[PDB]
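>
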Amino acid sequence: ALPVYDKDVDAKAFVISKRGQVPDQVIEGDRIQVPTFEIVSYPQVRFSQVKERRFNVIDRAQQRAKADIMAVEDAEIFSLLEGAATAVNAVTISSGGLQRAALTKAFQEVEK
Amino acid sequence: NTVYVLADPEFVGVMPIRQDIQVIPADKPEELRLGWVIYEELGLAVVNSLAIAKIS
Amino acid sequence: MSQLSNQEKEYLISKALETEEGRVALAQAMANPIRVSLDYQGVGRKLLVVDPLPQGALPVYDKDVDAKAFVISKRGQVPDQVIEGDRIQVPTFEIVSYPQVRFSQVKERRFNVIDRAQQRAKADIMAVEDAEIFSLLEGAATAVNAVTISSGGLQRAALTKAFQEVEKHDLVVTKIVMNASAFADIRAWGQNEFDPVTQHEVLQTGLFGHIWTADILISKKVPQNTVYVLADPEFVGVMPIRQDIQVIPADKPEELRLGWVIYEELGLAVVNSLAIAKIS
Amino acid sequence: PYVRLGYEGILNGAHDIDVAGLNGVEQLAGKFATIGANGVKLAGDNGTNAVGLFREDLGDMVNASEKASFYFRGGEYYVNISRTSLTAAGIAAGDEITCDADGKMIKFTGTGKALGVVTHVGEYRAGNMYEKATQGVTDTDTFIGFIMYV
Amino acid sequence: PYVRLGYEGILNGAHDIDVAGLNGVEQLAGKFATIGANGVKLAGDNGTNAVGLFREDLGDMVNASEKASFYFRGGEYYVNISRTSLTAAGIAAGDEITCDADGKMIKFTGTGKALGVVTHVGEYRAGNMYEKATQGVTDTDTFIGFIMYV
Amino acid sequence: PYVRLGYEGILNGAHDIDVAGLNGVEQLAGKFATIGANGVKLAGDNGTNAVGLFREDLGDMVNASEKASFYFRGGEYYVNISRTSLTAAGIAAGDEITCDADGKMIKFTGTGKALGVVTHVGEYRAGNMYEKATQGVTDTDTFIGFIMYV
Amino acid sequence: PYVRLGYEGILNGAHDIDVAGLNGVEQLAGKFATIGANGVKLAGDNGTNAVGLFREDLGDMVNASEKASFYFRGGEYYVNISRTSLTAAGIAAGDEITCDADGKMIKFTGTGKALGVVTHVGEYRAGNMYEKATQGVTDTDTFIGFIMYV
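Residue numbers (the numbering used here), protein chains in the order written: chain L, 1 to 112; chain U, 1001 to 1056; chain Z, 2001 to 2280; chain P, 3001 to 3150; chain V, 4001 to 4150; chain W, 5001 to 5150; chain X, 6001 to 6150.
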């Protein structure tokens, strides 16, 4: 939307929005253990709890941010976010090279 | 910039729960380790987030 | 929705109803603070732009054929210009959701200044407007271009062609894709081209700043003494204004938000500013 | 049937009545004009006219594509041709409307045509053509005396 | 100008559609007559004009009005076109009735008739020249309260 | 179709808008369909779909009808050709889409008729079957969703 | 048309006649105003204005200077017949302009042998010839827009 004169009719601009609703989710896991196995192993009790806990904290983040949108999967962030592409810079170049290239894009947004 | 861009609302925090007293332990002595959270995620300004896909 | 509905089986939500929390919005960089701004009170601004200047044929004789130092300029007239956008809003949705009003003034103010800045840098003028960075500038000789990689060398090389024009160099107006691509290359062995690994929070060449914008078309970078080249006169500064008790806003069940600035832009000479296309 | 025969003394674009529009020059439906119903309608032969984009609403009744004083009410590519019959002018509401969407005799010019936006009366006025309703794509290159397109 | 009884519910207007020449083409969408409220549909006793002086509401309903939804240009000219006789009945009680805005007799009165607005004596009369919408005709002319066929 | 996943759970799973090939009458000026927010990067069914009528945005984008209540606009002259696939959440063309029909089948949910309001969520709903009306020919009452003809 | 003056945009409400010369034809094309070398960032609007006393002082460019009465010599008048509207503002680029004089038949001003002079902008004034003059020495049958060979 370029500027126009005061002897020519004023330019306009508009914004469009859609409204969205996000429902809550439950992430949970159970792990089933035999008492005999548990008591004798000893640190197995601690380990199984810490792993299942870690696994639930990974699965909440995984769905919300990424995944795809299916009949048992969500995806909030991934859908909304704006495009950017390394490919414009070069198609096939090192793993290091990508990470360096990637930093620059953010500047554009005024994140720096 | 993770802190401005998204925020994590917590209905319930993550917590492990342990129950030795349900149907399957009754039938045959068994122990259950319970692990759960109830979550929601907030997006304060998510059109600042850029996604790039690696080629190599 | 926005992704799978897990439990909500109401699709109405009382004719819209939302709680106080951040509403997503765009922020873009601009090529507008690159160019200098100063205020003006008047009804129009007049500029001189340089036409062709005859250096003629260099000394070889005295009072037979003589060389000419003569430089020519023409005056062009600039009217006051309006940049404006209106947003139309309904009070009920706004009142219940709660941040919408505030979101709408900032998002509107940003939106217009962003769109102006985008148009203003690249491409040839229209018939309602004059001075656009891309029009004003000249190309560059075959010499600047290389067949050996050295991103720093191209930009460096460009400055010297620009010096003949008499540019004192303010800032370099650079493209996001090209700059990234310059990093992706190597200096053979270690390091990254343009500026190396350790410094990237500040990028400076020739002892001069980089303002990084995507306004300009891809594969182009523009060095210049930006302050000379254009000047943006402002007749009235940016303000939000709302009319809802005025005649047409009144008629609606609604309130009208106006977002405007009353602007101008001068483009001095056509032989100030320089474009280069990078091969890296 | 028609409320006159069309006059070509309608200032600044917007001329002709259809032979029998609904999609060409053959077959017709009447339908009512509530073009800028709620809001002030702009006097034609005064304002900056053109044939704008138009919108069906409340079934197969037509009104203006409002987007500049009303919060995205949509628009369409199916247009209103209003009666230039007798001493009436530009766009008018109070008429029988024969409509098009690629048919004839449409006019599609007038002031603010290209580098233009759409008014809240369903007309074009000048601005910029990249936001606020298109002025055509390949249908932007049709001037006076050439077969107008939407 | 043709034989008319119709069915008045407000003073003046209403006329026969038995003789009203070629009748305009109907459009797809139905909508209700607002009289009564027996059953889910709105079904009451007639008490509405047969022909002319109607105004579209929000909700996609049609009923009588001597009001114009728009503030400027012309008036009412929304008229009922059906294949159903109106000669003892108005707009239909129960069920979908289809309208248009082309042809049928109206009433003009006093000086001029070429363009029309709506007045609140159940009659149409002349609006301003190059300011207001046409509905009338300068081919049939009035003899002072007289019925014009469009 | 998808009133069988619908009945107040609209916008979950694949839904098309079509059960039969659309009528004639091209629309001129091409434009994109997307139901996303700053790009469609939605892949797979459920989530926001582009079922429902449409509205023109900047006249360069068409998207689903997701405006505010009050001053709602009924029927429209086309529905977008289905690009519903599992590489998408409903219709969203990654080329320019050109539309057609005299109006076609759309999906309505709620305790209305065929016409509701918008709560800024895809498609229309709302109660009151006596303050709302069928779109298209013959009376149809809503009880679990049906495909209503414009 | 009408009043256009752009918007696509053809009339242009200004018609200026290329009067072909006599004894072998001569033409000259409408001149731009530019000071020295050829204008950058468009060439702007013409230096020549219908009904104005100009003199070329540059090959493709025309500028101010007013021919002084006393001792009869040639043209350099470049009077072009007046357009309708824009008669004290000059004429803008995209409207009809030419140059008429110097080896061709010209456009005259003033009715009878009673003559006076012209302002640049397109106005006519009275005045006797005493420090400036415009147009050739009067002849029989000389009116406004009449063809005198000078």
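Backbone N, C-alpha and C fix where the C-beta goes; we use that ideal spot for every residue, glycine too.
1. Can you tell me whether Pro2233(Z) is helix, strand or coil according to DSSP?
2. Taking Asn56(L) as the reference, which of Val1005(U), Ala1007(U), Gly1013(U) and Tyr1004(U) has the closest Cα?
3. Please say whether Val5051(W) and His5015(W) have beta carbons closer to each other than 8 Å?
4. For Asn6049(X), count neighbouring Cβ atoms within 10 angstroms of its own Cβ and tell me buried if that reaches 16, exposed if not.
5. Kindly give me the distance between the Cβ atoms of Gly3036(P) and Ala3093(P), rounded to whole angstroms, as I take these residues to be in contact under 8 Å.
6. Assign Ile6081(X) to one of two classes, buried (16 or more other C-beta atoms within 10 Å of its C-beta) or exposed (fewer than that).
7. Quick one: give me the first and last residue of the beta strand (DSSP E) that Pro4001(V) is part of.
8. Express the C-alpha separation of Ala2029(Z) and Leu2266(Z) in angstroms, rounding to a whole number.
9. Measuring CA to CA, which of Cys4099(V), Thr4140(V) and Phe4070(V) is closest to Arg4083(V)?
10. With 8 Å set as the bound, which would you pick, yes or no: does the beta-carbon of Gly1013(U) sit closer than that to a beta-carbon of chain L?
11. Identify whether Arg3055(P) lies in helix, strand or coil by the three-state DSSP scheme.
12. Assess, as a yes-or-no matter, whether the region 2225-2237 of chain Z is touched by the region 2185-2196 of chain Z under the definition of 3 or more beta carbon pairs within less than 8 Å.
13. Would you mind stating whether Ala84(L) and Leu1050(U) have Cβ atoms separated by less than 8 Å?
14. Along the chain, which unbroken stretches of the alpha helix (DSSP H) at least 4 residues long are found entirely within the region 2200-2273 of chain Z?
15. Step through the CB atoms of chain X and report whether any lies within less than 8 Å of the CB of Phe3143(P).
16. Any C-beta of chain U within less than 9 Å: which residues of the region 2010-2030 of chain Z qualify?
17. Whole angstroms is fine: what's the gap from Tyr2228(Z)'s alpha carbon to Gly20(L)'s?
18. Should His3120(P) go down as buried or exposed, given a rule of 16 or more other Cβ atoms within 10 Å for buried?
19. Using a beta-carbon distance cut-off of less than 7 Å, what residues from the region 2182-2203 of chain Z approach chain L?
20. Mind listing the chain V neighbours of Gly5030(W)? Cutoff is C-beta to C-beta under 7 Å, in chain order.
21. Would you say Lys7(L) faces chain P, with C-beta separation under 8 Å as the test?
22. Would you kindly check if the distance between the Cβ of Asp2080(Z) and the Cβ of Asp8(L) is under 8 Å?
23. Is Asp4100(V) close to chain W? Criterion is C-beta to C-beta, closer than 8 Å.
24. Within the continuous beta strand (DSSP E) that includes residue 1958(Z), where are the two ends?
25. Report yes if the CB atom of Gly5112(W) is closer than 8 Å to the CB atom of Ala4029(V), and no otherwise.
26. What is the rounded straight-line gap between the Cα of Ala2131(Z) and the Cα of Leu2038(Z)?
27. Give the DSSP-derived three-state secondary structure of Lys4113(V) in the structure shown.
28. Restricting to runs no shorter than 3 residues, where is the beta strand (DSSP E) found entirely within the region 3071-3147 of chain P?
29. Keeping to the same chain, check which residues put their C-beta closer than 7 Å to that of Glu5008(W); ignore five residues upstream and five downstream.
30. Please identify the residue among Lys3132(P), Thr3087(P), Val3150(P) and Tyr3124(P) whose C-alpha is closest to the C-alpha of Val3003(P).
31. Relative to chain X, which residues along the region 3005-3035 of chain P have a C-beta separation below 9 Å, given in chain order?
32. Tell me the DSSP bridge mates of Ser2037(Z)?
33. What does the Cβ neighbour count give for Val4117(V), buried or exposed, with the cut at 16 atoms within 10 Å?
34. Quick one, which of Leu6005(X), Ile6010(X) and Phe6070(X) has its alpha-carbon nearest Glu6131(X)'s?
35. Are three or more beta carbon pairs between the region 2220-2227 of chain Z and the region 2162-2173 of chain Z nearer than 8 Å?
36. Smallest Cα separation from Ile3144(P): which of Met3105(P), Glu3096(P), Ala3133(P) and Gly3044(P)?
The answer reads as follows:
1. strand
2. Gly1013(U)
3. yes
4. buried
5. 6 Å
6. buried
7. Where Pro4001(V) is concerned, there is no enclosing beta strand (DSSP E), given that its DSSP letter is neither H nor E.
8. 22 Å
9. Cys4099(V)
10. no
11. strand
12. no
13. yes
14. 2226-2229 and 2247-2251
15. yes
16. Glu2021, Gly2022, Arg2023, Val2024, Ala2025, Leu2026 and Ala2027
17. 48 Å
18. buried
19. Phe2183, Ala2184, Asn2192 and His2200
20. What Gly5030(W) touches in chain V: nothing, since even the nearest Cβ is about 26 Å away.
21. no
22. no
23. no
24. With chain Z covering 2001 to 2280 only, the question about residue 1958(Z) has no answer from this structure.
25. no
26. 16 Å
27. coil
28. 3079-3081, 3098-3100, 3116-3118 and 3124-3126
29. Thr5109
30. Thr3087(P)
31. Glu3008, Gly3009, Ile3010, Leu3011, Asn3012, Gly3013 and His3015
32. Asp2232(Z)
33. buried
34. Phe6070(X)
35. yes
36. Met3105(P)
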